[PDB]
Amino acid sequence: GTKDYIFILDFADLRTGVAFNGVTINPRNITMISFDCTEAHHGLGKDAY
Amino acid sequence: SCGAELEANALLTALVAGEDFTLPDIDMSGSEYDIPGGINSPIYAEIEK
């Protein structure tokens, strides 16, 4: 219900998971940081359930 | 009712008179009694082998 939101990437507390329950990346060795950009129709995307 | 509470209060005030008993006035929520940092302090960071 809003259109004013921010995306915050904190290099402390990087928890890998869909629900943030997983291993934590070690910030002391990172090679690249690539954002994953796709469309709404990417691979049965929007309306699957 | 006959005011048993009033009699108890008057008797306690009369029987212990002649001495001063003052409890301490410390407030234990003043942030002087908490570990400095929140979750962001390095105490909560993951330890690396």
# chains A, B, ... in the order shown; residues from 1 in each chain; ligands from 1
call {"tool": "interface_residues", "arguments": {"of": "chain A", "to": "chain B", "cutoff": "10 Å", "atoms": "only C-alpha atoms", "output": "PDB file with C-alpha atoms, in the first residue's frame"}}
result
ATOM      1  CA  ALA A  12      26.965  -6.344   8.728  1.00  0.00           C
ATOM      2  CA  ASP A  13      24.207  -8.890   9.366  1.00  0.00           C
ATOM      3  CA  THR A  24      25.894 -15.404   6.972  1.00  0.00           C
ATOM      4  CA  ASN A  26      31.714 -13.138   5.507  1.00  0.00           C
TER       5      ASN A  26
END
call {"tool": "residues_around", "arguments": {"residues": "residue 15 in chain A", "least_positions_apart": "5", "cutoff": "7 Å", "atoms": "only C-alpha atoms", "output": "NGL selection string"}}
result
:A and (20-25)
call {"tool": "atom_distance", "arguments": {"atom1": "CA of residue 17 in chain A", "atom2": "CA of residue 36 in chain A"}}
result
15.0 Å
call {"tool": "select_by_dssp", "arguments": {"residues": "chain B", "states": "alpha helix (DSSP H)", "output": "ChimeraX atom specification"}}
result
/B:4-15
